[PDB]
Amino acid sequence: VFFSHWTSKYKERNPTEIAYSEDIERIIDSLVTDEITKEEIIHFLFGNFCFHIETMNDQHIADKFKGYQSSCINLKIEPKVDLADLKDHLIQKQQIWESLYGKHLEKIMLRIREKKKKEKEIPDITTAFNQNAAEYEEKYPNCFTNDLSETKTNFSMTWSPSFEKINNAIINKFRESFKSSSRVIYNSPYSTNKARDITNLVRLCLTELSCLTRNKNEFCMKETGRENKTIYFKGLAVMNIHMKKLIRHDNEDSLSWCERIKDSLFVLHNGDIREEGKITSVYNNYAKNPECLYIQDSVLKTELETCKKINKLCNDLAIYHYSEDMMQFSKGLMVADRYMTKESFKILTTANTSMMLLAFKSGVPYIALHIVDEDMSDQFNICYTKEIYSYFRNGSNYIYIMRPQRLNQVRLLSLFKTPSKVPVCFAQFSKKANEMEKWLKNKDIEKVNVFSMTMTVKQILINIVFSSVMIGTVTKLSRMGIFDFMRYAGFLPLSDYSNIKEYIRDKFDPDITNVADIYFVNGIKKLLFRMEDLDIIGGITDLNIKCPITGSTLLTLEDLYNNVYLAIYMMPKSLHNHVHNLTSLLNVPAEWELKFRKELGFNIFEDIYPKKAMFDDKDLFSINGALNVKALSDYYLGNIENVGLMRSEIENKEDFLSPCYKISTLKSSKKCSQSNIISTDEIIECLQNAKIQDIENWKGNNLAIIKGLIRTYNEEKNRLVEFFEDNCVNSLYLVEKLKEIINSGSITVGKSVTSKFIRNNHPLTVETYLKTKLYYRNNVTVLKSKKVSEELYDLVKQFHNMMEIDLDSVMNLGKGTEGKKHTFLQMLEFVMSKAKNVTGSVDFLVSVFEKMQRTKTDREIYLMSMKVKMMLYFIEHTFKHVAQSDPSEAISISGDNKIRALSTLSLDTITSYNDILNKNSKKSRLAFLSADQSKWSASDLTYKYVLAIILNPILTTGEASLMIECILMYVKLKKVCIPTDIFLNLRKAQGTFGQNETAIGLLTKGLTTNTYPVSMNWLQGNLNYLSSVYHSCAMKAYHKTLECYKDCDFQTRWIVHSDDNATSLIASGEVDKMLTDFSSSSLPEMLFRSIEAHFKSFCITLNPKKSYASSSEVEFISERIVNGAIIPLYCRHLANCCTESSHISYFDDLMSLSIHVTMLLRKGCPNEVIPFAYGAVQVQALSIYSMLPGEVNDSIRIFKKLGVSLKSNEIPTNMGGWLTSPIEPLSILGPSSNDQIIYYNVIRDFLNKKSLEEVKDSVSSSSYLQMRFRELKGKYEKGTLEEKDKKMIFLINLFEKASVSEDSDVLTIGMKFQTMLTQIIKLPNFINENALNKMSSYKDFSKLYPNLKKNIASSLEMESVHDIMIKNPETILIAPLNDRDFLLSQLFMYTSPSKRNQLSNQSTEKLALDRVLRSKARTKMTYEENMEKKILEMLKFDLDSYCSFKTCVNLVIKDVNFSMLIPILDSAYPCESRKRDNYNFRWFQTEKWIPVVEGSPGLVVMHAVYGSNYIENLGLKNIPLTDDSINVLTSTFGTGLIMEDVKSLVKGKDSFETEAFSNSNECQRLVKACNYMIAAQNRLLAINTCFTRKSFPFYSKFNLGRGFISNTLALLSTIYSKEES
RNA sequence: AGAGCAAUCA
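Residues numbered from 1 in each chain as written, not as in the entry; some residues may be left out. Chains lettered and ligands numbered in written order. Heavy atoms only, no water. Residues with missing side-chain atoms left out of burial classes, pairs and counts.

(A) Main features of the overall build of chain A. Counting secondary structure elements, chain A contains 69 helices and 23 strands. Scaling as 2.2 N^0.38, a compact globule of 1621 residues should have a C-alpha radius of gyration of about 36 Å, and chain A matches this with 36 Å. Considered along the principal axes of its C-alpha atoms, chain A spans approximately 105 × 100 × 95 Å. (Helix = DSSP H or I, 4+ residues; strand = E, 2+ residues; numbered from the N terminus. Rg over C-alpha atoms; globule rule 2.2 N^0.38 Å.)

Following this line, the structure appears as structure tokens:
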């Protein structure tokens, strides 16, 4: 049935004695027990498919039986002759294999009893802290000091005192103040030549050098005296342009000092006099009158007043002005990295009236100067006692000079995100503080003041201000460490967890280097002391204390979880040093491989002899062996039901029989890191053709090779001599030529210059130096990051025997659909036959790159080659559907909603069954376990998967052999290549200081090899489905083992993600005797110890610290759920709103952040934080791209200057507008709703109607838009235009010019936003030529069409190129149908300007600085002038825009979601009758969705957390617009190649005449009007489509659809929140 | 002086 096709060519290959390795024989020989022998285990293993015989085809049964007979013949036994004999043997087997679970149960009970007695008990938390400090002191001697005057800087690198007096005025004020007598006073750091030098330097630079000037602020130094030069040079000598000093955790002096620091900072913040600014304007717009974001304003009146009071406190506590000063100073410091030299300096002044920075030429050093009044002098001295060098007095003021500093670009960006970070932290902490929010509710907005506060509330406010500043201005790494400890130290209020003292004893890092984080450490210590003192409301009886903001009288656990996780998630990412981070990341697999190698008996040099028979129920690296195959057989038998249907579904849905470019994963542009090196033949032939007469004529590769071998002769003479001996016959000739070269004197030599030799030279030089350096009878290679699409193009070229690109070979074959194609497994078998040949095993080589994981500890990403990527795709996608049939598995998720769906399904099913089973039973106990495995990749085995390939009943004999061969080569041939820069750094350090090395220097033979072996550690992310299938198999085996206990009945449930586990267990019966036998005091303790023992038997290492068992709380990955009620956890979206952006435009960034705003609205956030989230995303977008109000490059200012009739809130977001949509259309529809509402409002205003029903009823009748356009034309002709008509003209022309926009040569088969408009304005990216030159498709393009196309004859070549494009339009119009449409499309992608900038490699952090430099520049006109001429061209009428107006009206009206949301939003009853009976943020739930998911019916909920569908798919019209605009563009290029003044053609061919008729009018609009009435819908056989009609079908029906209706669905409420009433 | 703790950037 269903025509089972042989999907391989390896039909005659068996898993044993036919594949490349004989490891299967000793895998078998290591599996024999005392009761089950060799013929028994091979009978079961190679013939257990007979249970899956009712649902397989006859060819499948015959092939598997022939494979069984061949394998049993190969393994030297007598096979069974018939199926009935095999079934009789198999039922005898199933008896002797079912007699194992009792032995396994006794083994885990003995293991639990053995592990119980070995532990040591920590007496208390203080002793745990002392033991951690003692072991850290043993690791680092003399680290702890008692002198506080030698620690690090306290208040980061920033100092912002408030100023009381209302660019050159501040500078000459500092000039006037800095000319008094020398009354310089120095201070001790905690109660002096550098201070004298810096004081003389600042007084010289402020007296004699500031008045040669440039750019009104930057001055140099040449024409001054010798004494002034000496003072300046001493100042820069001071500037410079283990040694750990730590303080203990039990210091009370640091606590008192930090309390005084907090009080002095709060006194300092209450002195500012400014009341206008840039951040203040946007935040006061969004939060001063927050009723403009809601629809039903009158039904809630406490929430909006609380938001207003928080905004008033932010205004009165200088939060906005402090953030503005930080952002301005960071922008100035980023800008100051310019073409200046070391003898010139810059003066930086922000809008603050008395703060000055002296910036000099790693970073930019600077000096800060402040002028404080007499009343705040002592508080300034206390608050900044660490960082004051000197101060003096002038009149009634004090002048302060601060220390020299230095900052990196990432820290400058982190300080640049201060207005996004700080105010939302202030808002959330002030909301979560109970006494603060009740005082704000008690007092009125006219009477809230700082000086009217109770002392407790004032202390809470001081803690909130200090915590908000220290969170939003994070620069160091000790804060990152203590917040990671605060992340993992929240497991106190649960049951048995085994990390109340062990986690603090092991994983705590006492890296306290200043006195500000002593506050956080004391807060977490107070919380743990209170917890150890001894749905769910917490803190009303625990009486605990918030870690950041003290905040007594806690309401719920949700507030503390959100506060702590917001503090975790609002840290930067890329703050680690590159060399140290990469050495640690390369050191972890080296030691984790040396541990396995030294444990299991292998020495360093030998290979990976697979099974030593020590992989049998041991501790470190072992499985049971004879239990794993029974568990896998039982899992397959209970899981796989229909083998033929499952195989057919795999072949259809995953596309095994499709060509490789039809696979989405193997086609997209990622990095694959192939190997590339210059061969030795090139080097020796370059040395042969090197001419002593042409020493001065050496340019390029010859010079690079010559410098490399000159450095090799200077450093490793014997190595180079033996290299010449083993690679050239005329070694003496090469040696004497070397002597003649080095005796010429026309070259340059180099000493030890660290990584600068790599940095400022050619890569060819350093790679030939490494190759000539590390010659040890081997081949050393480096890795270069290539592209996946480019490697697929090269592989498709190589499969068709096209070694070199030929003009006629590609074009001669591939006619139509019925031309030559290929399949994925044909390519895979060709690639495997290539890679099995002897080539040095270069295909299995991995490069390691650094991921950014927001923590001080860092993860890594691995780059595997194309061949290994294809075998991993094969394995991981033939195991994808096996996980899709498992209901207890959660890697086959439909996004993020399904995770919560099956988590709540597990919890509510086990709670319901416990409530059912509790009635009239003997005893009942329930437990849950949130588990996290220790090391999922390094500590696990890989030969456990070979045992799982064989038992698969889906596969047949021949594909399982190929998978076994792939895995056996993957284990044995894998190695990791060290990057060249850190390799040379390690070699230099070992040469000059160490002469000995660590585990990496033991795996490498004394740092003489670039690559080191890693074998049993399959790297992270490579096997994500197989490991989860094995995890579920292990859990099912655990349940079947628990079934064997006689006294009690156990029911287990589990949810499996890779490296995750959420187990739940109900036990009934003799629970006391059961717990006595299991040596546990409670069921969570039993579950913890039994799961640990069983997983250790299944080679899965459980982490005893970061895993906890409880009785009512489950945590799968996040968003913990208690008693069937979920905890929201919106703080991830809250922190993502303020930190992460794409930095590609303003429009795209605004929609990307609005996605997070919508998701935060769906996750159930309080009403107060919503305007601050609006302001935060607006501050980020406007501060990076379209400048925030108060400066040049605005948009409202440009509109006001040009006098456009649109209002301030009517600007669309593509023109630089603001996110001004209401909240319910945002939460339901999405970020495109503001553009839709703007267009709908101007459409209703122009058509003079009242309701959407009337508008659509008038539009649906014909002869209406024509008469409206005729009336508008007559009004423009007479000149009696109105405001509504001008707005409609502007928006019609905006929609018409959005089709043109700029850089619109993109194919864009799938868009990101599905928005109605386009981007319109794009700053040109940083485009190079070297990265374009490295591409092999670019080399093929430059070889096939010559160097005239590299960057008369060029015109005719481009004419021929577009002629062959016009002759085959399917190449540029469709994604590649077959061969002769993919590779030549890749060559065709390089034609014309503005098509080669689609290949971009700029990171998201190196693009923001480029955009900051680019926006204040000419890229040539300007940004503001480009915008001004765009509105000047847009304000005119322009003719034949009726079709654009009609399509705009149709696209607005036709949306079913909009047309069903708008009347029910306009006519929704406000409250009651089971709508709005609660008011504590229980209106954000009901009025958001309950009329809507009752309008779109199928629900009964009142309080829910939503995971929505992709119902707003507004992308079925923009893709036709893009496709026929692309066809119009290439037709325009062809006809402009033909002739000029193309308005009417000269009667060429039929395609030219039809394209002339197309572009006489608007082609996209008239083909839309044609497809509106025609219903052809041809079958796309690529034969009759050209026969029927060329142009209109070829750019109408070839987008696989026309303009049709959308679909609505009921928003998919995952599960309820806890219902309140 | 500042950043970091593989003996690193200035």
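(B) Representation of the UniProt feature "domain: RdRp catalytic" (unreviewed entry) in chain A within the structure. Under the feature "domain: RdRp catalytic" (unreviewed entry), the UniProt entry names residues 916–1098. Between the C-alpha atoms that bound residues 916–1098 the distance is 33 Å, and the span itself is 43% helix and 17% strand. (UniProt positions renumbered as here; feature names shortened; annotations may be inferred.)

(C) How the structure looks around helix α59 (residues 1406–1415). For α59, the tally of buried residues reaches eight of ten residues, placing the bulk of the element in the interior. Here α59 has its buried residues at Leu1407, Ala1408, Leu1409, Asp1410, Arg1411, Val1412, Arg1414 and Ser1415. Residues of α59 that are buried in the fold lie against α13 (319–335) and α15 (409–416). (Buried < 20%, exposed > 50% of the residue type's maximum accessible area, 1.4 Å probe, protein only. Contact = heavy atoms within 4.5 Å.)

(D) Examining the packing of aromatic side chains more closely. Inspection of every chain in the model, using the stated rule, returns 60 aromatic pairs. Ring geometry for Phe155 and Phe466: centres 6.1 Å apart, planes at 80 degrees, overall edge-to-face. Side by side, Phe155 and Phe466 carry an identical accessibility label, which is buried. Note on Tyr190 and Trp257: the rings are 5.4 Å apart at their centroids and 90 degrees apart in plane angle, and the pair reads as edge-to-face. What makes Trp257 buried here is its relative accessible area of 15%. Residue placement shows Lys944 over the ring face of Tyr1030; its charged tip is 4.3 Å from the ring centre. A cation over a ring is seen here: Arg1244 above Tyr1240, with NZ or CZ 5.3 Å from the ring centre. (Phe/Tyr/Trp six-rings, centres within 6.5 Å; stacked < 30°, edge-to-face > 60°. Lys NZ or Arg CZ within 6 Å of the ring centre and 35° of its normal.)

(E) Quick look at a nonpolar patch on the surface. Nonpolar side chains collect at one region of the surface, where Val1, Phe2 and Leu645 lie side by side and expose about 350 Å² of accessible area between them. Along the chain, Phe2 turns up in the segment before α1 (23–29). Given a relative accessible area of 60%, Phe2 falls into the exposed group. (Patch = residues over 30% accessible without salt bridge, like charges linked within 9 Å, V, L, I, M, F, W, Y side chains within 5 Å. Areas by Shrake-Rupley, 256 points an atom, 1.4 Å probe, with all protein chains shown as cover. Salt bridge = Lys/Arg side-chain N within 4 Å of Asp/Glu carboxyl O.)

(F) Quick peek at the packing of helix α45 (residues 1131–1139) against helix α47 (residues 1169–1184). Put simply, α45 and α47 touch, their axes get as near as 8 Å, and they point 30 degrees apart. Judged by the angle between their axes, α45 and α47 are roughly parallel. Across the interface between the two elements, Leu1134, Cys1137, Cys1138 and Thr1139 of α45 pack against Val1169, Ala1173, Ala1176, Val1177 and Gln1180 of α47. Residues that form the contact of α45 with α47 fall into these classes: seven nonpolar, two polar and no charged. (Axes fitted to C-alpha atoms, helices over the stretch in contact; angles between N-to-C directions. Parallel < 35°, antiparallel > 145°, perpendicular 65-115°, else oblique. Nonpolar A, V, L, I, M, F, W, Y, C, P; charged D, E, K, R; others polar.)

(G) Structural context of the side chain of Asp843. Along the polypeptide, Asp843 turns up in the loop between α34 (824–835) and β11 (845–850). Residue contacts for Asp843: discarding those within four places in its chain leaves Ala835, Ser865, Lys867 and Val868.

(H) The arrangement of a negative patch on the surface in detail. A surface patch of negative charge is lined by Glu106, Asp1047, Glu1070, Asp1072 and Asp1077. Residue position: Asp1072 is located in helix α43 (residues 1071–1077). (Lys, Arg positive; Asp, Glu negative; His and termini not counted. Charge placed at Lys NZ, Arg CZ, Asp CG, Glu CD.)

(I) Region of interest: the environment of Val450. Relative to the elements of secondary structure, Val450 occurs in the loop between α17 (434–442) and α18 (455–472). By relative accessible area, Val450 is classed as buried at 17%. When the C-alpha positions of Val450 and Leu461 are compared, they lie 9.0 Å apart, and in sequence the two are eleven residues distant.

(J) Inspection of the packing of helix α28 (residues 717–727) against helix α29 (residues 731–742) at higher detail. For the pair α28 and α29, the least separation of the axes is 8 Å and the interaxial angle reads 140 degrees. Judged on the interaxial angle alone, α29 and α28 are oblique. The residues of α29 that touch α28, namely those facing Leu720, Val721, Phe724 and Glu725, are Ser731, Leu734, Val735 and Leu738.

(K) Geometry of the sheet that holds strand β19 (residues 1113–1114). Strand order in this open sheet of three strands is β19-β20-β21, and the pairing throughout is antiparallel. Either end of the sheet is taken by a strand with one partner, and the two such strands are β19 and β21 (1125–1126). Bridging between β19 and strand β20 (residues 1121–1122) involves two bridges; their strand directions are antiparallel. When the sheet's bridge partners are listed, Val1114 is paired in β20 with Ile1121. (Pairing = 2+ DSSP bridges.)

(L) Summary view of the protein's contact with RNA strand B. As a structural note, the neighbourhood of RNA strand B is formed by 25 residues, with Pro404, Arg406, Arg411, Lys476 and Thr998 the closest of them. Across the atoms of RNA strand B situated within 4 Å of the protein, the share located in sugar and phosphate is 66%. At a separation of 2.4 Å, a phosphate oxygen of RNA strand B approaches a polar side-chain atom of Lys476. Residue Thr998 places a side-chain N or O atom 2.6 Å away from a base nitrogen belonging to RNA strand B. When residues of the surface near RNA strand B are traced back to their parent elements, those giving at least two are α23 (578–599) and α40 (980–994). Per-class residue counts for the surface near RNA strand B are nine nonpolar, nine polar and seven charged. (Near = heavy atom within 4 Å. Polar contact = N/O pair within 3.5 Å; in protein donor to acceptor, adjacent residues only side chain to side chain.)

(M) Just the sheet that holds strand β13 (residues 924–931), in detail. Read from one edge to the other, the open sheet built from four strands follows the order β16-β17-β13-β18, with strand pairing classed as antiparallel. Two strands in the sheet have a free side with no partner beyond their single neighbour: β16 (1049–1057) and β18 (1108–1110). Direction aside, neighbouring strands of the sheet carry axes that sit 15 degrees apart on average. Looking at chain direction, β13 and β18 are connected through three bridges and run antiparallel. Among the inter-strand pairings, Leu929 is bridged to a residue of β18, identified as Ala1109. Running over the sheet, helix α37 (residues 897–917) touches β13, β16 and β17 (1060–1068) and is turned about 170 degrees from β16.

(N) Region of the structure containing the domain arrangement of chain A. Here the domain parsing of chain A yields domain 1 (145–274 + 337–406) and domain 2 (678–780). For domain 1 versus domain 2, the distance between C-alpha centres works out to 52 Å. (Domains from an automatic or database assignment.)

(O) Structural detail: the side chain of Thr1139. Mapped onto the elements of the fold, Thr1139 is located in helix α45. Look at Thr1139 and you get buried, because its relative accessible area is 12%. Within the structure, the side chain of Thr1139 is placed 3.1 Å from the backbone oxygen of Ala1135, a separation counted as a polar contact. Ignoring any residue separated from it by four or fewer positions in sequence, one finds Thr1139 in contact with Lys417, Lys421, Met570, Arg854 and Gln1180.

(P) Fine view of unusual backbone geometry. Despite not being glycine, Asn240 has its phi angle at roughly 55 degrees, a positive value. Position of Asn240 relative to the elements: it lies in the loop between α9 (226–239) and α10 (252–269). By relative accessible area, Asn240 is classed as exposed at 65%. One non-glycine residue, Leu1600, lies in the positive phi region at around 60 degrees. What makes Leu1600 exposed here is its relative accessible area of 74%.

(Q) Focus on the pattern of salt bridges. Per the stated rule, a full pass over the model turns up 51 salt bridges. Across the pair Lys836 and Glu965 runs a salt bridge, and its minimum N-O distance is 3.3 Å. On the criterion of sequence distance, the pair formed by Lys836 in the loop between α34 and β11 and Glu965 in helix α39 (residues 959–972) is long-range, its members being 129 residues apart. You can call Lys836 buried: its relative accessible area is 14%.

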